[PDB]
């Protein structure tokens, strides 16, 4: 159901996700990279589903698609299956001990 390099996440309506980088990347760069790879930054529920599946490693922070304000965006941290929310300015690349990784999601093919 997913293109080469993507993974079928079986939560909600199953979708396809991919960790796009191992480097800490800012918000706009994350979104643009994912858009160039035929996908989008995952929303809140897709992040929660990937965390519940174990697809996202424990204690990992990623940018989700929601804005916190005109100059900030929300991050989701995944640890031991549970999710927590935060936000940062568009230019931030490191959420405490975790570099903020870009994760792309897209529909089933």
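Residue numbers count along the first chain shown, from 1.
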Grab the CA temperature factor for residue 34 from the record and place it in the lowest, middle or highest third of its chain. highest
Among the modelled residues of its chain, does the C-alpha B-factor of residue 55 lie in the lowest, middle or highest third? middle
Ordered by C-alpha B-factor within the chain, which third holds residue 101? Give me lowest, middle or highest, please. middle
Using the B-factor values recorded in the entry, state whether the Cα atom of residue 41 falls in the lowest, middle or highest third among the modelled residues of its chain. middle
Third of the chain's Cα B-factor distribution that residue 66 belongs to, per the entry: lowest
